Amino acid sequence: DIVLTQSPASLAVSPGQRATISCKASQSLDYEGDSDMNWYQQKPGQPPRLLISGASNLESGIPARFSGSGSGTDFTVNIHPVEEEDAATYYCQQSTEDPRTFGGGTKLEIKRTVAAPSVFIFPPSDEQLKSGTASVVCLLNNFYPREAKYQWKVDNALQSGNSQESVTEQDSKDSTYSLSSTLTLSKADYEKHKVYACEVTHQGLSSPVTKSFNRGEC
Amino acid sequence: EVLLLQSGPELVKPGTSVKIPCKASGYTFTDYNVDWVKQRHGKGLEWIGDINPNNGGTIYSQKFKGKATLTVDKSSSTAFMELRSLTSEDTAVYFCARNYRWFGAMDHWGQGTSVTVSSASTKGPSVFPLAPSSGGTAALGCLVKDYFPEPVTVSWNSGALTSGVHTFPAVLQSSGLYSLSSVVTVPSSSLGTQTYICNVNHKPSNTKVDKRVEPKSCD
């Protein structure tokens with residue numbers, strides 16, 4: 001089997017700059033004038049899209065910002081300039097021999113400017129409390145970079161181990177992320193306390209932003 | 001032009017088999033081979049096999065011998081893949097792709113069939129409102145909680161509201177049920193002029209829930 005070593009596993013490139021992704025094969029992909037190296041672009045939720053075949057044949061419909069090159073065992077795809085719609089995972093694949101093999105993939109993160117999140121907190125609904133469970137949700141909206149430090153506070157006491165988070169894929173338009181954290185407590189534990197807060201520390205914030213509500217109010 | 005149509009997401013039980021279709025159109029079906037590619041959640045692509053519709057000749061990856069079976073129906077221009085003795089290791093998205101038998105790249109792909117292998121029962125979701133309390137921009141949403149299997153679709157105002165919508169990836173709770181939130185940011189002044197309704201559709205259980213998110217005026 002022809003093993004394809006794709007590097008780097010991930011990289012962050014600002015718009016306008018150059019992204020360079022490499023693919024090294026365990027043996028030559030040349031065969032009677034051909035270099036059967038194929039590059040694909042896969043955006044989240046979508047199937048892969050063929051960018052380049054024959055190592056350097058830019059497919060019809062793909063912008064000229066993409067270019068492939070190389071021969072034998074060393075190949076390269078370049079994105080110049082990188083655009084914000086280029087946020088995806090890119091794979092190399094050889095069609096020289098069977099079995100067909102893919103590279104490990106390279107996740108391209110669009111490095112935009114710093115963006116502080118807009119923070120929102122949501123109390124559990126009266127309808128859910130009837131089931132004996134309380135879900136408190138905190139929203140961190142449209143921020144960059146992805147590294148966001150947040151913490152739940154119940155009566156000013158830091159929480160841990162009782163929340164789950166979910167993060168959206170990088171937005172194709174503004175290159176930001178959004179994060180939702182759900183704090184799960186029993187109804188009895190929820191009634192035992194008053195102040196529920198979500199505290200966010202981010203690179204774009206001058207001071208940590210805290211959103212909170214009092215259980216009884218509103 | 002060239003279209004490869006696969007079936008939608010499917011929940012299957014372990015110890016059973018499943019047959020995934022890939023209906024082709026927009027080109028000469030017998031002129032191209034059909035390959036199948038497996039992708040686990042958050043992972044890469046791994047090649048399953050290859051079939052020539054002209055004669056039915058198949059080439060399998062060694063890793064899938066005895067697990068995957070590739071067939072074609074020339075008259076209906078459809079390729080099939082059957083997975084046997086299903087386990088949780090088979091839970092993945094399976095793509096079909098068009099390629100030339102002679103060193104051809106995979107230039108057109110199906111949209112992928114998301115197969116979930118689990119013995120858990122189908123469960124419809126509960127929809128709870130994420131209501132804001134009265135800045136300049138407000139956020140509201142819906143908590144779609146305790147359902148199985150994936151996926152659920154969430155639209156806002158029957159699809160009329162799309163800007164600012166963030167529907168997060170589902171998370172698997174310790175109970176074994178999924179849960180996700182869908183939020184949208186709107187002008188605060190619109191909380192009194194616009195009605196905001198989240199439309200949740202859970203096709204595996206034929207559940208359609210519409211939930212109005214009523215804000216709370218709080219001095």
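Per chain, numbering begins at 1; letters A, B, ... match sequence-line order.
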Kindly check if the number of other-residue, nucleotide or ligand heavy atoms within 6.0 Å of CD (B/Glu214) is above 12? no

Euclidean distance, A/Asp1 CG relative to B/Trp47 CH2, rounded to 0.5 Å: 9.5 Å

Taking C-beta and beyond as the side chain, do B/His166 and A/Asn142 meet within less than 4.5 Å on heavy atoms? yes

Heavy-atom distance under 4.5 Å between the side chains of A/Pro48 and B/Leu45, does that happen here? yes

Can you tell which part of B/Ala138 gets under 4.5 Å to a heavy atom of chain A, answering side chain, backbone, both or neither? backbone

Quick check on B/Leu172 against chain A: is it the side chain, the backbone, both or neither that has a heavy atom closer than 4.5 Å? backbone

Contact origin within A/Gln42 toward chain B - heavy atom pairs under 4.5 Å: side chain

Rounded to the nearest 0.5 Å, how far does CZ of A/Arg100 lie from CG of B/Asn33? 8.5 Å

Measure A/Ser178 against the heavy atoms of chain B and call it side chain, backbone, both or neither at under 4.5 Å. both

Decide yes or no on side chain to side chain contact (heavy atoms under 4.5 Å, CB included) for A/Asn38 and B/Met106, but give the supporting numbers first. CA-CA 8 Å; A/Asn38 310 311; B/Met106 301 170 187; over 6 Å; no

Per-residue tally against chain A (heavy atom, under 4.5 Å) across B/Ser179, B/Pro129, B/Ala170 peaks at B/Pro129

Which region of A/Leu179, side chain (C-beta onward) or backbone (N, CA, C, O), has a non-hydrogen atom less than 4.5 Å from a non-hydrogen atom of chain B, or is it both or neither? backbone

Can you name the closest pair of heavy atoms from A/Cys218 and B/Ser133 and give their distance? CB-OG, 4.1 Å

So, B/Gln62 side chain and A/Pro99 main chain: donor-acceptor pair closer than 3.5 Å or not? no

What verdict does the side chain to side chain contact (heavy atoms under 4.5 Å, CB included) test give for B/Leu143 and A/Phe122, after you've listed the backbone C-alpha separation in whole Å, the side-chain angles of each residue and the deciding distance to 0.1 Å? CA-CA 10 Å; B/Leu143 176 58; A/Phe122 300 99; over 6 Å; no

Rounded distance [0.5 Å steps], CZ in B/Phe103 versus CG in A/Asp98: 9.5 Å

Reported OG-to-CG distance for the pair A/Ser131 and B/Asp146, which is rounded to 0.5 angstrom: 8.0 Å

A/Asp155, CG: over 12 other non-hydrogen atoms inside 6.0 angstrom: yes

For chain B, the option from A/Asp34, A/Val167, A/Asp171, A/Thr89 that forms the most heavy-atom pairs under 4.5 Å: A/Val167

Without swapping roles, check the side chain of A/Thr168 against the backbone of B/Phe168 for a donor-acceptor pair under 3.5 Å. no

To the nearest 0.5 Å, how far apart are OH in A/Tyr91 and CD in B/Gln39? 4.5 Å

Select one option (side chain, backbone, both, neither) describing which atoms of A/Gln128 are under 4.5 Å from chain B's heavy atoms. both

Can you confirm whether more than 12 heavy atoms, excluding those of A/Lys153, are under 6.0 Å from its NZ atom? yes

Geometric class of the B/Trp109/A/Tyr40 ring pair [parallel <30°, tilted 30-60°, perpendicular >60°]: perpendicular

Which residue out of A/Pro124, A/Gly54, A/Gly45, A/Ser166 racks up the most heavy-atom pairs below 4.5 Å with chain B? A/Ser166

Value for CG (B/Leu140) from CZ (A/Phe120), rounded to nearest 0.5 Å, stands at 10.0 Å

Under a 4.5 Å heavy-atom cut-off, does chain A meet the side chain of B/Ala139, its backbone, both or neither? both

Checking B/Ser114 against chain A: side chain, backbone, both or neither under 4.5 Å from a heavy atom? neither

Start with the C-alpha distance between B/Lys211 and A/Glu127, add both sets of side-chain angles, then the distance that settles side chain to side chain contact (heavy atoms under 4.5 Å, CB included), and finish with yes or no. CA-CA 12 Å; B/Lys211 175 65 64 171; A/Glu127 302 94 296; 4.3 Å; yes

Side chain / backbone / both / neither for B/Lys43 at chain A, heavy atoms under 4.5 Å: backbone

Contact class of A/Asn141 relative to chain B, heavy atoms under 4.5 angstrom: side chain

Heavy-atom distance under 4.5 Å to chain A: side chain of B/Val93, backbone, both or neither? neither

How about NZ on A/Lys211, more than 12 heavy atoms from neighbouring residues, nucleotides or ligands closer than 6.0 Å, or not? no

CZ/A/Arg146: more than 12 non-hydrogen atoms of other groups inside 6.0 Å: no

Of all of A/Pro44, A/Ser180, A/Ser125, A/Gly105, which one pairs up most often with chain B through heavy atoms under 4.5 Å apart? A/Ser180

